[PDB]
Amino acid sequence: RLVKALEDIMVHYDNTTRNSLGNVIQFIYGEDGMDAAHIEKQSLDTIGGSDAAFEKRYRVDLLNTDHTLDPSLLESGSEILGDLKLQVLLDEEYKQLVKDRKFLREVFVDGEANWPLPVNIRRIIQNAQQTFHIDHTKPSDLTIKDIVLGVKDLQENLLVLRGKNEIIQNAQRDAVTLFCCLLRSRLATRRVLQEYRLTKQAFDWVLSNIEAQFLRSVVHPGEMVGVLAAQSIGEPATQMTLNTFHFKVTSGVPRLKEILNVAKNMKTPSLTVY
Amino acid sequence: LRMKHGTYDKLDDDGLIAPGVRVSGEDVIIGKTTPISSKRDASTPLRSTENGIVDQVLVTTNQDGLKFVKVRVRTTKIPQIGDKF
Amino acid sequence: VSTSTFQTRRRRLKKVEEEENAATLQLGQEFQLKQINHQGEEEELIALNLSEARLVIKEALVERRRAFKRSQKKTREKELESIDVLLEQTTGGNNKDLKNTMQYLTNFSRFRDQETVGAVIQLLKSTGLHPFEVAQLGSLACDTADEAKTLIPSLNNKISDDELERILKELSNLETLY
Amino acid sequence: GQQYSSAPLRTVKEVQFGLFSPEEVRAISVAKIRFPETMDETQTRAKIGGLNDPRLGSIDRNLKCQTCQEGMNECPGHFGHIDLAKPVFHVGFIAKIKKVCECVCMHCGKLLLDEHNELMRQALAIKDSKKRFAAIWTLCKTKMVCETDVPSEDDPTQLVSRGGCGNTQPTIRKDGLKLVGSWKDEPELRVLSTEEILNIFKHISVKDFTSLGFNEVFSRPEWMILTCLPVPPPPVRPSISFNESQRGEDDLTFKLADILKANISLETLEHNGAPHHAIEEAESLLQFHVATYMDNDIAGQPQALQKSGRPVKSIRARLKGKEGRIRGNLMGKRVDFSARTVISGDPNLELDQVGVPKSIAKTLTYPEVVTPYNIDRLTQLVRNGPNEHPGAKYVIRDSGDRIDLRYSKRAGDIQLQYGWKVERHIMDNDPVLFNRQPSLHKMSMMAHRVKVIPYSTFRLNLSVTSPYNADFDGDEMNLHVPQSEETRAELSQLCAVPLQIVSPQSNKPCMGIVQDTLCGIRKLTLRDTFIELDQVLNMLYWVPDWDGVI
Amino acid sequence: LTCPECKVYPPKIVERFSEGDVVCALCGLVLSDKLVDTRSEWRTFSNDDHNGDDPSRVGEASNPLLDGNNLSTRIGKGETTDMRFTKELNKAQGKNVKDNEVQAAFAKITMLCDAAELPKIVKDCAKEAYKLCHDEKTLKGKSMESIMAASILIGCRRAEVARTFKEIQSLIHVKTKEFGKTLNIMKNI
Amino acid sequence: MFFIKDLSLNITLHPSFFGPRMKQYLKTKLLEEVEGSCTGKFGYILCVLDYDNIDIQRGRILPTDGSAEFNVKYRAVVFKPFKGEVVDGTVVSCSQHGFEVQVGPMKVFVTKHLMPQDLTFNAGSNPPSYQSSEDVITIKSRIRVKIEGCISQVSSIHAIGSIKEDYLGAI
Amino acid sequence: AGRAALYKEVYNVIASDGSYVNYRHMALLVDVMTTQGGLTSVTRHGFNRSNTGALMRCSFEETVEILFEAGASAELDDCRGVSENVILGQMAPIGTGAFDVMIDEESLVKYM
Amino acid sequence: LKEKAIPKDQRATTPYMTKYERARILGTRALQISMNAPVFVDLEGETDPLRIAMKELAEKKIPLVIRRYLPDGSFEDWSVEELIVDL
Amino acid sequence: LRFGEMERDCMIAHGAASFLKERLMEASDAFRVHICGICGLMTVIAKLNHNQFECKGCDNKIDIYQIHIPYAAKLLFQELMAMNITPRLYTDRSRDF
DNA sequence: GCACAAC
RNA sequence: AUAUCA
DNA sequence: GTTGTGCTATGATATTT
Ligand SMILES: [Mg+2]
Ligand SMILES: [Mg+2]
Ligand SMILES: [Zn+2]
Ligand SMILES: [Zn+2]
Ligand SMILES: [Zn+2]
Ligand SMILES: [Zn+2]
């Protein structure tokens, strides 16, 4: 029944999800436009922790002796101190970071950090160190501008939806909202220089790989998405054993019938009052 | 008409194989024709997936006296790979 | 593999709809005058009188001999002969249909030169009759406006009796004396 | 093969459903069908100018198919007609027919509710033909009078006269396969006869039945009532001639003969002195046979049974269930170039390989096409013959002529021509679809790489057990061989095992290390575990990807 | 069939049923590809399905030698059935019902064999002996209950079922010399 | 009459022709299949114009065999007779039943009964002719005919004509 | 809000077994049940009562009663469903069938 | 109507080749090659028509063109020369 | 062996469209009928030898397409016709989309 | 034997 | 049709 | 309120009239 109901749902060449009638079901497959097989659980960082430790991790204050970047972290660090033009970039960067925070907390209200997102950024930073033999004791040749403006320019390249009009472009910005939140939390100026100790060469490679991997992760038009969905649900419903085990709401297979039949007379009706 | 591609040589003129002859796939154990007019072939071949040696062959008539013949085929099945235990 | 046209039609299942064709200018569904270009623009029907048809085909069969020699890189009575040369060079040779058409066109054409044909084309196009009628007027030589309106009943009242006689006068003059 | 036709090959783009106009049924038909006799020109061996091939389809390995010729493996079979004595209901629309009658004025033919009515104006606005009929019916099933006089859309003071006729409408109810009316001290009750209905429907206006969902060209109400009967050709109802005293006819051929017999009977009754009640008695017999032929599982009615006590396989019932024509011959069907056997595990195979018994590989075939690349290699295969493993079974010429290599005397001599095909044995590294039922998700069918091995089992790597859900307790699996160069590309590029490793079902790999290897990979990994030189060299060598550096 | 390439008068051809092909044994040319299983195809007409669940079971076998070609189903009770419509449609078959009635003399042979303890192969020979001699001018006007009493010994004398003429004199009836002359004018036919 | 028509044919190419002389083979296959054919729908397709600008377009590749199907758009001169059309032509045959007049690629038959009163078939003439006092119609003369009707036999179009009315006949 | 609670209730049935299905698959099912305007059941009188192709609807559960109605309503099947092309034995418009491949003479003369 | 051909600029689909597009191109070309279609690449001893088609595809010398149908009837033509292969 | 519904769902979920087609046609049923292009019926009297066609009833000898469909599909349409239903097959579209 | 659909 | 197989 | 109407796991294999 599940298959025969999702049969003709697929993704079309405008990254939309329609049936044999052209009726729109989803506007961008999976709401993100990503092919499920290319997704991995990743820690969203930003979302949790104390405000105090968040500040310790992301804030850079080139205008303050203590909270600036130590000249051990980069070459330009000694002549970076007090640079008013630059500090507006980092102020922007950190303002955008705290925006993401209050947003992620509006999206995952329980504060869960680990969600499935494409492109494993943690393993790209790893592969960048293993590759360029990053020296965790020598200053990098990155400029604040190199890092900050680089990550802003990458973001504009992670396109799922092309389309010159405004509506499509908006649906584009929206489908990359959560990924870019992850992205800014991992290539934040401080974190790049202090925790990853990347070099200009490594950093540029990392941004290159991110873009190329992101592209590889978007759904291919033609993907039968619906049959795929029915099987993805039908199959583990077979492995379902209740078959309780060692031993008051109806769960498992018989409850799954109710849901699909939209049975008006359900066995275990209840409501959780807070 | 419509003879079986299998071989009929193992048949004695009574249309039966004598017991003791070794058989094999598609070979003709019992020769039969259904005259209609000269006559079509209604013979019984050994199952194509099997083989062995004919164990015993008996000729009889039934409750109303129709000649009918039973043929036993013996094989020895030696444990092989896909076999279940 | 049945060669198709330039226009579309709704298959109402009732094949019983086709009408006949006459000299009430009811040509086919195919040959009605508002028809469509390969580029998709709506142009008018093209019916040729002979002379005009004889030139189109001749001009086209020569454009074709050219192209065949390119790819090779890597008096009326006299014309009847030259034409049969051009055919054995450019056509499939089995084309008895075209071979007769050229013998016919070559023997029945009133105007020989492209200039003369153009003169007929100019003259007959101020009258704004059907393209079928101007073709007939270019093919059938007539002396009286009655002869015309008898052999081309499609006219009757489209053009005046005396204005049509003016035209037959100018056609008779343009007529090539082989 | 199947011979060439100059007709343009096209694909089906639209399917236009409708009902058969009796005019059309008559027009298509290539035979009259007059007699309930099968063949037997009285104890003979030829078809009777009456039922199956009166002029019709052809069977029995004989061309004769009315000029058309061709015979069996080309002839689609063409239809005959049967002219019914009186109209009868098509069982499928007894429903609809009753509903239409409730919507239309009987004896008049007008719709019971106008655009003048306010709720009907709304129903008539509906876009879906099906939903519109629903609304319209629910409105004027209760309208029990054909109005002549109706208040205008200005004010109820002056009435505007709509369509005439001012009769009472019967409350129509279904009694068996008959429709019974009732007009309102004690009402008038009688049976609406088919001829009435058929006539009332014809009078229904084109704009009216169009509003009722019908369509002026393809599906008119009057065609819900059967007047002419399309007779299906033998292909749809095959016969078999066993041994001159045994002959098998299809249940439809039986059911048809009853329709005919019942028809011939009622025709004689009407022609003769019509005894009214002895005719309607014979009509509702005809009604039954025709009805029971399209559907034998009818609620309320007795089933038509076939001597042995079994009920006649109606047409409905052939399409219906799983194992029907839809679920079981179209949406799924058995296929050639397939194989099945017991699986067993093999730790010495690659993940993407599959162990194929030599016996199976010698039976299954791939029709490789001769080009000057494989021309030498194929000539050797043909020359091997179908007995030795690396060889071939058939050679197919350009004409479509196929030659059984096991019967040609100059087998190795056949000078292959480019464009000819050679059906060769499945060889090592040919791509195959491997499948274990029930195929619950897409990893239950994966493209593998043939390794021809001995013994009678399919051999697969253990880590591939997890998605097929196979244990080796006597499980069997299915192999399918692609036949096109194009179709194997679809397997190798899309369905291939190594591709299916990371699954979209749950964004994680669905295949892992299992059983022995999982258990032993722990015992190898302990800090206690040390290995000495002699056995280390053996482990190293055992890795095929070893860089040769101790 | 005969191979178009070879053409030798005894056309040596094999039916490779297993590959579903008809081959010429000499040149190897395949002469046909569509090939059908007659056993399983015959299983669709004469099966073991009396219940009605088999989707393969779709026809029924008949006997064109004995009852000619009379295809006819019977109105009977089904799962969802009112006992009213069965009666009406059966009372309607009564109005639709001479030599098409002399087939009830098969019911005379069948009820005689079952009273004489005779096999199913004997009845079908007695019914074929009776169908091919009951309208003969060579029998003309013989005792009509002694010509079917003679066609039972004709059916027994081929099916190898030992039945003396005095054994059939006990059944019906038989007038000895009357069904003895009739047992000879038919024997010539 | 004698029209120029915008037509399109579907040719299918087997992959082995997917070489450099592809467009050439196609235009050739067009001139083979279309030129000198005859259909009820368009008449006699006599000659294809502008051999250089024949549009080959792109070829959809069929999904079973590798072959590729094109929709070749071309312009042609056609000939389709109509009832009521008046045509000049030549007599090609002449029997006791009438005579045929070859007009363009098509013949038109003039039955002896759509002929002037006194114009009657005389068989003593060599060759047999129609011999009025002021007319002689035989196997080579030029005639003006009025087409009384056409018969479509999808391979050729044949027609029947009259010379009875005013302004017709010999010329 | 019903769409959400419907995903939530389905999610619970999968997570109660300790299993995990990627959000999109469940969201797709749920999104399908609700784009009609209300809760469309995955049953013979739900999803199979929509206005899709007639052969498609007939391949699940109601077969003949769907084809009779298809006849009297003079339905037209546009053959975009996978079911139709399978019944018809044509290359389905799915995956490898979601586009078309054509030869270009211009560039073929370029490469050779 | 054939006005539903979206022009070269104004194309808006992925400039990357889809996994099925590539599968069909390889299959299609391999097929034609095995049907003796001319080969547009120096086969360096290669004999398997799929292996050859892959060599054609990695040299961008397949003269095919994907016609991408949109759900409303329109289409965008892309040539394998221009599509990006990153699979 | 039976390539069933569930085995079909898998070949779809994979996107292997041609494989599905080959498995359902070449690997099995695979029949060719001629249809009239006026009524979408299969009532054409195709005498392939004489290259004559014609669908009388439409009196059409010019508008005929040949198509490739499963025999079981041809069986299905003939059975629907048997029941008065007209499964009309057309080779051109008329609907947009 | 359900469970939901129409009388 | 029963029995059975995973 | 009652009736009435669709369906109810995938494939496989072996006999019995
Ligand atoms: Mg198991
Ligand atoms: Mg297991
Ligand atoms: Zn035929
Ligand atoms: Zn009325
Ligand atoms: Zn031979
Ligand atoms: Zn037709």
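Here the protein sequences come in this chain order: P, W, V, E, X, A, Y, G and F. For the first sequence, our numbering begins at 85 and goes up steadily by one. For the second sequence, our numbering begins at 284 and goes up steadily by one. For the third sequence, our numbering begins at 51 and goes up steadily by one. For the fourth sequence, our numbering begins at 20 and goes up steadily by one. For the fifth sequence, our numbering begins at 6 and goes up steadily by one. For the sixth sequence, our numbering begins at 73 and goes up steadily by one. For the seventh sequence, our numbering begins at 825 and goes up steadily by one. For the eighth sequence, our numbering begins at 187 and goes up steadily by one. For the ninth sequence, our numbering begins at 11 and goes up steadily by one. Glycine residues also receive a C-beta, built at the ideal position from the N, C-alpha and C atoms.
Residue-chain proximity (residue i, chain G), Cβ-Cβ < 8 angstroms
{"i": "Y/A825", "result": "no"}
{"i": "E/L397", "result": "no"}
Contacts that residue i makes with chain E (C-beta to C-beta distance below 8 angstroms)
{"i": "A/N82", "result": "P27"}
Chain-ordered chain W contacts of residue i [CB-CB under 7 angstroms]
{"i": "X/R21", "result": "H288"}
Pairwise C-alpha distance: residue j and residue i
{"i": "V/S204", "j": "A/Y116", "result": "23 angstroms"}
{"i": "V/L75", "j": "V/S101", "result": "22 angstroms"}
{"i": "A/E237", "j": "A/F90", "result": "59 angstroms"}
{"i": "F/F87", "j": "E/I52", "result": "21 angstroms"}
{"i": "E/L158", "j": "E/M139", "result": "7 angstroms"}
{"i": "F/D39", "j": "F/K31", "result": "11 angstroms"}
Proximal chain W residues relative to residue i, where beta-carbon distance stays under 8 angstroms
{"i": "X/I126", "result": "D347 and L349"}
Identity of the residues DSSP links to residue i by a beta bridge
{"i": "P/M118", "result": "P/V302"}
Chain E within 8 angstroms of residue i, Cβ atoms only
{"i": "G/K205", "result": "yes"}
{"i": "F/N94", "result": "yes"}
Contact set between residue i and chain V, taken where Cβ atoms lie within less than 8 angstroms
{"i": "A/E107", "result": "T141, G142, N145 and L148"}
Neighbour flag for residue i against chain X, beta carbons, 8 angstroms
{"i": "W/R285", "result": "yes"}
Contacts of residue i in chain X (Cβ-Cβ under 8 angstroms)
{"i": "E/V199", "result": "Result: empty, since nearest Cβ-Cβ is about 14 angstroms, beyond 8 angstroms."}
Contact with chain Y by residue i, beta-carbon distance below 8 angstroms
{"i": "F/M35", "result": "yes"}
{"i": "A/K95", "result": "yes"}
{"i": "A/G131", "result": "yes"}
Contact set between residue i and chain E, taken where Cβ atoms lie within less than 9 angstroms
{"i": "W/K367", "result": "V361, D492 and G493"}
Residue i Cβ short of 7 angstroms to ligand 8 heavy atom set
{"i": "W/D295", "result": "Summarising the ligand content, the structure contains ligand 1, ligand 2, ligand 3, ligand 4, ligand 5 and ligand 6 and does not contain ligand 8."}
Amino acids of chain V, ordered along the chain, whose beta-carbon sits closer than 7 angstroms to that of residue i
{"i": "A/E157", "result": "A73"}
8 angstroms Cβ cutoff, residue i in contact with chain W
{"i": "X/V13", "result": "no"}
is_contact[residue i, chain A] using C-beta, thresh 8 angstroms
{"i": "V/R114", "result": "yes"}
Open item on the list: Any C-beta of chain X within less than 9 angstroms: which residues of the segment 417 to 432 of chain E qualify?
Closed with: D420, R421, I422, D423, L424, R425, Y426, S427, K428 and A430
- [ ] Using a Cβ-Cβ cut-off of less than 7 angstroms, give me the residues of the segment 308 to 327 of chain W that come near chain E, in sequence order.
- [x] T317 and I319
Open item on the list: Under 8 angstroms, CB to CB, which of the residues in the segment 473 to 504 of chain E have a partner in chain W?
Closed with: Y474, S475, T476, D492 and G493
- [ ] Check each residue of the segment 236 to 265 of chain G: if its Cβ is closer than 7 angstroms to any Cβ of chain A, include it; give the result in chain order.
- [x] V251
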